[PDB]
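One chain comes next, on its own, written out as structure tokens in the form deposited without the named molecule.
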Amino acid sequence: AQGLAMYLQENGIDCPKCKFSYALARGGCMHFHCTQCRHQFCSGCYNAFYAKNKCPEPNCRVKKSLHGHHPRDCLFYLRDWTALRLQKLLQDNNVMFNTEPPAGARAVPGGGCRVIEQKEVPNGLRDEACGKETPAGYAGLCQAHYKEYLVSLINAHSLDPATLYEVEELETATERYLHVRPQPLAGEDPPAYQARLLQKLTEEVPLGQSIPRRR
């Protein structure tokens, strides 16, 4: 308490369909079923989790099974980035972040991550502290929640992860959001091709317009 875990839970998770606040961090499943209105959505980007053959979105390659549509800067993807690469995007856009816990935090020396999590217990739900290992330099959070803390900063300032994408990442991104064969042009070059792919994606596919960014 009184640590970055409070920062995580302040913003927490709010259902998009009904304005219901949960003081719960993002992790685990990330396709969230609202208990108040049964809405399926992604806790990261707040997109509807169209599950089985119901997706209205065109070119749904993944309509057969549970799937959702996520922007590139959703935590659904950035969770897989390393802590180091996330810090690079933050530094490259000059956004400060914690590596030491904030001064008010007095972490429990036996305790680990103090983010509060709902764990399924017999005949109900019980809130328990995350309690996973808190590495040095992760600002007193565990690996999973420290990355989530960084991603919130990245989402807060609407930073574009595509500014770090490789050629393959841009080819992967090009077919996912623009529905095209991204193979290179004859007469072109690998470096101009990266800047070319980056230019259209930044100009044509916006960042997540429903990600909680605090105005």
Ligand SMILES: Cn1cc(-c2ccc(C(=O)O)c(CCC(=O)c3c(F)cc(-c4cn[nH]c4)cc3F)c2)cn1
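The numbering used is simple: start at 1 and walk along the sequence shown. Rigid core (definition): largest C-alpha set, two forms, superposition within 1.5 Å.
Unshown form solved in complex with the named molecule; subsequent notes refer to it.
Q: Taking the named molecule in the bound PDB entry and overlaying it onto this form via the surrounding C-alphas, would you call the pocket open or blocked, using 3+ ligand atoms within 2.4 Å of backbone or C-beta atoms as the cut?
A: By the 2.4 Å criterion, blocked.
Q: Can you tell me whether residue 79 touches the named molecule? I mean in the bound PDB entry, with a 4.5 angstroms heavy atom cut-off.
A: Close contact exists here: in the bound PDB entry, residue 79 approaches the named molecule to within 4.5 Å, heavy atoms only.
Q: Using 4.5 Å between non-hydrogen atoms, is residue 28 touching the named molecule in the bound PDB entry?
A: Residue-level check for residue 28: yes, a contact with the named molecule.
Q: Does residue 66 reach the named molecule in the bound PDB entry if we count a contact as any heavy atom within 4.5 Å?
A: Although the named molecule is absent here, residue 66 would touch it in the bound PDB entry, with heavy atoms inside 4.5 Å.
Q: Residue 146 versus the named molecule, in the bound PDB entry: is there a non-hydrogen atom within 4.5 Å?
A: Output for residue 146 is no: heavy atoms all beyond 4.5 Å of the named molecule.
Q: If contact means any heavy atom within 4.5 Å, which of 153-161, 30-38, 185-193, 171-179 contacts the named molecule in the bound PDB entry?
A: Going through the listed ranges, the match is 30-38.
Q: Once you align the rigid core, which of 133, 80, 92, 127 turns out to move its Cα at least 2 Å between the shown form and the other one?
A: Going through each option, the one that shifts is 127.
Q: Can a Cα shift of no less than 2 Å be assigned to residue 25 between the shown form and the other one, given superposition on the rigid core?
A: Shift of 2 Å or more: yes.
Q: Tell me whether residue 53 is among the residues that move between the shown form and the other one (Cα shift of 2 angstroms or more, core superposed).
A: Moves: yes, 2 Å or greater.
Q: Are residue 43 and residue 122 closer or farther apart at the Cα level in the bound PDB entry than shown, by 3 Å or more?
A: Their C-alpha distance shrinks by at least 3 Å in the bound PDB entry.
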